[PDB]
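Everything below concerns the one structure shown next.
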Amino acid sequence: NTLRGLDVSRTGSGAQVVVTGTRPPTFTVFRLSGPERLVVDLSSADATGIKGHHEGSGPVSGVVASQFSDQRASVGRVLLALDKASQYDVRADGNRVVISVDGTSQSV
């Protein structure tokens with residue numbers, strides 16, 4: 001597999017989404033509106049997270065995942081419907097890709 005685990009840490013200051021994988025992931029993150037959404041596209045690996053979204057995540061209303069094929073390769077799209085406006089921050093560390101969804105406060 002490429003993606004081996006997927007974790008969501010809902011908290012009031014920021015919700016963290018973690019995607020763990022066997023190789024460093026190429027990704028792109030972007031926004032959509034009507035409804036407010038955050039979208040992550042993952043290459044080589046298609047990471048799908050589901051049923052991990054708690055009914056009390058202050059940020060994530062829900063998460064849908066789908067993979068599409070490009071030749072023998074696969075692109076996975078993760079879609080997070082939101083409860084409030086976010087400023088996402090994404091960083092990689094080893095085989096983990098971290099996305100933290102902050103509200104409107106970016107630095108203390």
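What full-extension length gain, to one decimal in nm, is calculated for residue 61 and residue 9 as 0.36 nm per residue of separation minus the Cα-Cα distance?
17.4 nm
Given +1 on the Cβ of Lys and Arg, -1 on the Cβ of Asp and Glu, and no further charges, what dipole in debye does the chain carry about its Cα centre, rounded to the nearest 20?
In total the dipole reaches around 200 debye.
Check each of the chymotrypsin sites (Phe, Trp or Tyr not before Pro) in the stretch 1-94 and keep only those in coil by DSSP with at most 13 other C-beta atoms within 10 angstrom; list them in order.
Loop-located and lightly packed - none at all.
Using alpha carbons only, how many angstrom separate the centre of the stretch 76-108 from the centre of the stretch 27-64?
Measuring centre to centre over Cα atoms gives 9 Å.
For a quick check of your reading of the filter: which trypsin sites (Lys or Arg not before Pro) in the stretch 1-56 sit in a DSSP loop and have no more than 16 other Cβ atoms within 10 Å?
When the trypsin sites (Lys or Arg not before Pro) of the stretch 1-56 are filtered for loop state and at most 16 Cβ neighbours within 10 Å, 51 remain.
So how do 44, 9 line up by other beta-carbon neighbours within 10 Å, fewest first?
Arranged by neighbour count, lowest to highest, 44, 9 become 9, 44.
Normalised by the residues of the chain, what does the relative contact order come to in percent, with Cα pairs under 8 Å and at least six apart?
Reported relative contact order: 29 percent.
Ordered by residue, what ³J(HN,Hα) values in Hz, to whole numbers, does the stretch 22-27 give under the Karplus form 6.51 cos²θ - 1.76 cosθ + 1.60, where θ = phi - 60° and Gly and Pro are x?
Result, rounded to whole Hz: 7, 9, x, x, 7, 9.
Among 82, 42, 32, which one shows the highest mean-square fluctuation when the chain is modelled as a Gaussian network with alpha-carbon springs under 10 Å?
32
Every residue, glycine as well, gets a Cβ built from its backbone with ideal geometry; the counts of neighbours run over all protein chains shown. The numbers here are math on the coordinates, done by the rules we state, and not lab data.
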